[PDB]
Q: 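Encoded as structure tokens, here's the structure I'll be asking about.
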2 protein chains.
Amino acid sequence: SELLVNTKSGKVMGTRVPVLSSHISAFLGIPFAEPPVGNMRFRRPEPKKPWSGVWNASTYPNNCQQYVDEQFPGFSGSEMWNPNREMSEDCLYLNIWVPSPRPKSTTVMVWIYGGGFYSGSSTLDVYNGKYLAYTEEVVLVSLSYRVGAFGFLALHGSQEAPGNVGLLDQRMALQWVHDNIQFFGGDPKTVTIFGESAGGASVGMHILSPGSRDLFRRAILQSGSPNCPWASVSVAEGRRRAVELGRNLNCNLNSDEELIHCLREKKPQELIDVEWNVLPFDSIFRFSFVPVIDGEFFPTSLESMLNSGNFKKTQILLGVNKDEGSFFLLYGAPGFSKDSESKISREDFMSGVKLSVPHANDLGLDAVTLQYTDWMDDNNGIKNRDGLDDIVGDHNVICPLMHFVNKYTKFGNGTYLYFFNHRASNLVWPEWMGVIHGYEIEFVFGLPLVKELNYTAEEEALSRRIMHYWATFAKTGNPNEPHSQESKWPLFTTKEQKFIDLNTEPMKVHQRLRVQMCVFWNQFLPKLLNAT
Amino acid sequence: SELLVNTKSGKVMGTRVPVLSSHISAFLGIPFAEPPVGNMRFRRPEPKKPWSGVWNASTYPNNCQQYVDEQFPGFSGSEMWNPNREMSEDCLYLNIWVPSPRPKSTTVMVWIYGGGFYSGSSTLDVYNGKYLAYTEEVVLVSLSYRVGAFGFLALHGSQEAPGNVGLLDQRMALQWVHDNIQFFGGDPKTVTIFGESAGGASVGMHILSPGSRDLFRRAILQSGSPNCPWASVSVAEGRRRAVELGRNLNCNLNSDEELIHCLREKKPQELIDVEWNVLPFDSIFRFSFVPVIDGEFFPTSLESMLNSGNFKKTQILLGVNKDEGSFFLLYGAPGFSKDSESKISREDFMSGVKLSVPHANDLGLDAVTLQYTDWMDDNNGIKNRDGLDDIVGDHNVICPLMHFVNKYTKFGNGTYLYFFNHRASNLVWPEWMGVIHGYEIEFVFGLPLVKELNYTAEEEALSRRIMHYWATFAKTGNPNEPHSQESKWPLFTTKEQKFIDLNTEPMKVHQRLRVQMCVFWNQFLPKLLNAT
Ligand SMILES: COc1cc(CNC(=O)Cc2cn(CCCC[C@H]3C[C@@H]4Cc5nc6cc(Cl)ccc6c(N)c5[C@H](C3)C4)nn2)ccc1O
Ligand SMILES: COc1cc(CNC(=O)Cc2cn(CCCC[C@H]3C[C@@H]4Cc5nc6cc(Cl)ccc6c(N)c5[C@H](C3)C4)nn2)ccc1O
Ligand SMILES: [Cl-]
Ligand SMILES: [Cl-]
């Protein structure tokens, strides 16, 4: 009864799940779109046709077709991110965790997974919404969206493969939440979207996109922003990559209709097998099929929208991790290894810089090298390693986010900024990688509250603080509880630019997050590359 | 008798001068060239014709015609550098201080004054060679040379104003020392030339010039090097400035012969009155008439000579002061004043950068600004002031000297490098100016040994250490006395790049003097400006 919900598309039957020492309801694998299969591959999603009978929402759905990381087989640190369900193009489902007893009209949070727009699953253990829904009394939704070529192959001008359809998948799930979350006890006028990495970029893209803005109230962006250099391409570059994808699969390339028809006859794994072959440069932190600046989802360039205030004005909470670059260097840069401290030679440093800034000319590469090299101590393998780590994280995550924060705050209604720099005590990744891209998520989703997962008591307390910040922000637009005597997370303002550290020690307020390096990345290096 | 010396140009009669609690002999105002007056203005010097009778060498000679600093009338800090004798184009004389009793064959040191190639006198109180000659038992020579347009007006191709004649003045004095210092008790095979600022650049130019190299044994360069950006111009730029000088004086400009003839009829002060009007840029630390890269005194570019080892291979001792830039900012940059702490606004900082790097385009100016700005604290007037101080000293003195040191040491026979960072207790200049350009000279010449000058006992001890370093280097090629248990000043080597601080505390050895900034000035910024 508590597990049966009538929605506008039909009835759904959930399941009662244990969480800590209580229970909540879960509605898993609810369809929000028609299966984008067959001649619907690459096309914009269509709403799910209403169904007769009762939809069995007791088990997780399929994951979308995607590249699977096999670099460390059996290693939990990498396999925890891989699809844990069967992959299928039939994958547009969402999941809902609902407090028990069912609320009347409570705050909703919608999670958008990341994964470079080429990977991601709503069903990962680390995305289990039951601890957040139970602890903070929110309705927690996780959506899914097509990734890779399936979600982002872009042949602008065509209506069969227009690009951005993964983002339209996200939007269709938000539309379904807007239309139906009331029946689960959610308040559709108090929806917060939040996401990490490409999901953080996606959140920012719905803030910008006129077609998405009305479908949520406020937003949280973790380690990703819409202006990140990896997060979008021009329509010309998307077309070049789509044509190169067909060339890899022996397709007729004489027209969009012939190319799209050829690509639609291929099995999913044949696209995945060649997807990485279309990148224009030898690079790390660059992905083949990503959002395209198309003039429809995004009416103009991202920079001109941010400059003019052409975006949703609301409250945002966002931040970054200390060592965003380390994951990408481990997988893609010579000299880095999982089982060594990865001290980097001068030659491997120069190779890494070239991989990390693929669009740079030799003068640009010299500028990056000078900015990040201690010339009193240039053969220090630890400083070279940490310098490359900083280059990758500053260029790809931190400095684009700081540019976004400063543009947004001029027109927005409240900005809260964090710097997550706690390394978990039970981390299976080597110590040189520090505070890794993606490893704040387990604190946001409350995994340290689970005794068997071997976190410390301080880490459980940190997780509870973070979950309460997130859910209080979602509820009110302010992560701070009023009338409480805890230290206050201050607003980020244009003038004072305050942020907080997120770790196990007492809260410290700082100003101008990595301002020196972000002047280099956001102002000087673009000017240098444009003049040369 | 001890005061009478027969030389190859004739007899000279010196004077007995008191020094501390003893006496030495002084031979002041000995002519080494014919007076470069009349139709000899701008021409290469001619040897002084031998004279009958006894030359009265008991009084200082005239100083060369030059610009006189009147920015702080009556202020000893600036007036101590001005001519202290009557100015005259009849000014090619040298001075000799000789220990008593007259030595047989002792080390000779020849001082070359600086002053931006536009000023300087051999007769300044701070250049009095009697303390060094007495204390260290050397024969101390100070020469003179034409400065300004008189010494450096350059119309390449003409034999009436070929350029570089001030450097040929220096060379003619060195030739006279080579030919005659034996009669004063000097060893002509153990001559060290030393000089500060433009005199340091000049010393380096005689190391490079094939026509000068045979006239001395080893060399000391203080706060100046031949490759400094202010120390030379091309023949085209020298010609442009000579023509502009004539335009300022209503000269016929249709041929070299007409221009030179017009310039030779002008009184000296009319040239001096307009000399600063010919500079191509709004600048500081740039001078109108300087050595020209002519293909004769310098056979090729300074850089190609340093790269190929086309220079005298010997021992060198050289170094810089901590705050070389402060003097130039005080006189030439907005926001700096003698009687205030000169806290610099953001706007005056940007004006100062533009003055300090006049050849830079806007991208180059942004690169300099980023390198020297703390963007966590960019409105700190003390940091802006000290940042400009560092820009001026790094660009104009320290980084060119470090480029010279590293090129020279590849082929040379021994390099000793110092960093003078002691601020004298009795300095009359404000504290913001720090360790000023030129203020190591009083320690080299032993002024702290004079009780009435109000130095401390530690500063007398520092002066004695420096004088002993200099004279022991002059004597042996090594500033360290063998068999002594004092801490050793190590050789500067290509690999370890060691240097010492010179101050009142116990000697400390460091490595890679200002290497971070000099990579910027010597490698990155030239590459940036060449590509743009
Ligand atoms: C793998 O083999 C090669 C790899 C390369 C180098 N490849 C690349 O540079 C392509 C690339 C791939 N990526 C990864 C994008 C990030 C996707 C995810 C983001 C989210 C957080 C996260 N963090 C992880 C951290 C570690 Cl240590 C390990 C796995 C992580 C992970 N899967 C995720 C997911 C995916 C969610 N960046 N660049 C070259 C040649 C190769 O043969
Ligand atoms: C003075 O009026 C103006 C001045 C300017 C600015 N002028 C300039 O930038 C031209 C310039 C002149 N200079 C000086 C070159 C250095 C020459 C001397 C070097 C040696 C060491 C020395 N140090 C001194 C330190 C102080 Cl604090 C004061 C005087 C010093 C001094 N005369 C010397 C001499 C000269 C020997 N650099 N740039 C613009 C407009 C003006 O009306
Ligand atoms: Cl680390
Ligand atoms: Cl200072």
Side-chain angles (χ1 to χ4, degrees), chain A residues 69 71-72 77-78 116 118 197 223-224 228-231 276 279-288 320-401 423 429-439 514 516-522 524-526 528-529 532, chain B residues 515-516 519-520 523-524 527:
Chain A
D69 171 16
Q71 288 315 305
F72 307 107
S78 54
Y118 71 87
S197 189
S223 295
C228 284
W230 47 267
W276 296 97
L279 286 169
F281 309 117
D282 192 10
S283 59
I284 61 179
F285 218 142
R286 295 298 184 268
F287 323 111
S288 289
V320 300
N321 296 3
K322 183 183 174 301
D323 307 295
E324 303 275 10
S326 59
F327 161 40
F328 306 88
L329 295 164
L330 169 66
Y331 278 68
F336 294 86
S337 318
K338 191 174 82 53
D339 300 339
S340 87
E341 48 178 5
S342 295
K343 293 172 158 186
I344 293 305
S345 73
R346 203 66 212 153
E347 290 91 320
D348 281 347
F349 182 86
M350 294 185 313
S351 302
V353 174
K354 178 84 170 149
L355 288 178
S356 308
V357 201
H359 56 292
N361 62 13
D362 289 0
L363 183 62
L365 294 178
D366 290 343
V368 172
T369 301
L370 176 58
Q371 191 73 196
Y372 284 87
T373 298
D374 178 3
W375 279 112
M376 293 186 291
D377 194 20
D378 57 296
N379 279 314
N380 185 321
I382 291 174
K383 282 183 180 173
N384 293 345
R385 180 200 70 206
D386 293 345
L388 233 34
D389 200 338
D390 283 325
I391 289 167
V392 178
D394 291 345
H395 171 54
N396 286 294
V397 177
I398 300 180
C399 294
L401 186 138
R423 192 183 151 97
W429 293 105
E431 300 275 349
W432 69 260
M433 297 179 73
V435 184
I436 295 168
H437 189 67
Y439 278 81
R514 283 190 75 78
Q516 195 73 30
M517 289 310 99
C518 291
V519 172
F520 172 82
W521 292 105
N522 292 334
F524 177 70
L525 185 64
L528 181 152
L529 296 174
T532 50
Chain B
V515 59
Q516 195 73 30
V519 172
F520 172 82
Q523 305 185 39
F524 177 70
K527 188 168 183 171

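Just so it is clear: chains get the letters A, B, ... in the order the sequence lines come, proteins before strands, and each one is counted from 1. Both backbone and side-chain heavy atoms feed into the values below; hydrogens, waters and symmetry mates do not.
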Q: Nearest 0.5 angstrom please: A:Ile391 CD1 to A:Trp521 CH2, how far?
A: 6.0 Å

Q: According to disulfide bond (SG atoms under 2.5 Å apart), who are the partners of A:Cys228, at least two apart in sequence or on a separate chain?
A: none

Q: Does a donor on one side chain sit under 3.5 Å from an acceptor on the other, for A:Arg346 and A:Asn379?
A: no

Q: Quick one: sort the A:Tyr118 and A:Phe287 rings into parallel, tilted or perpendicular, breaks at 30° and 60°.
A: tilted

Q: Which atoms form the tightest heavy-atom contact between A:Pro334 and A:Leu355, and what is the distance?
A: CD-CD1, 3.7 Å

Q: Considering non-hydrogen atoms only, spot the tightest contact between A:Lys338 and A:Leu330 and give its length.
A: N-CD1, 3.3 Å

Q: Which pair of heavy atoms, one from A:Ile436 and one from A:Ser326, lies closest together, and at what distance?
A: CG1-OG, 3.8 Å

Q: If you define the side chain from C-beta out and look only at heavy atoms, does anything of B:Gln516 sit under 4.5 Å from A:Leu370?
A: yes

Q: What class does the angle between the rings of A:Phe285 and A:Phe328 fall in, given that below 30° is parallel, 30 to 60° is tilted and above 60° is perpendicular?
A: parallel

Q: Check A:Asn522 against A:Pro526 and note the closest heavy-atom contact, atom names and distance.
A: O-CG, 3.8 Å

Q: Minimum heavy-atom separation for A:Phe72 and A:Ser78, please, with both atom names.
A: O-OG, 3.5 Å

Q: Please name all residues satisfying salt bridge (charged side-chain N to carboxylate O under 4.0 Å, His left out) with A:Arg423, sequence neighbours left out, ordered by chain then number.
A: A:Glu431

Q: Looking at every heavy atom in both B:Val515 and A:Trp375, which two are closest together, and how far apart are they?
A: CG1-O, 3.6 Å

Q: In terms of ring plane angle, is the pair A:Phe336 and A:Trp432 parallel, tilted or perpendicular, where the classes change at 30° and 60°?
A: tilted

Q: Output the distance between atom CZ (A:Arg385) and atom CG (A:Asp348), rounded to the nearest 0.5 Å.
A: 13.5 Å

Q: Which of these passes side-chain hydrogen bond (donor to acceptor under 3.5 Å, both in side chains) with A:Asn396: A:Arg286, A:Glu324, A:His437?
A: A:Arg286

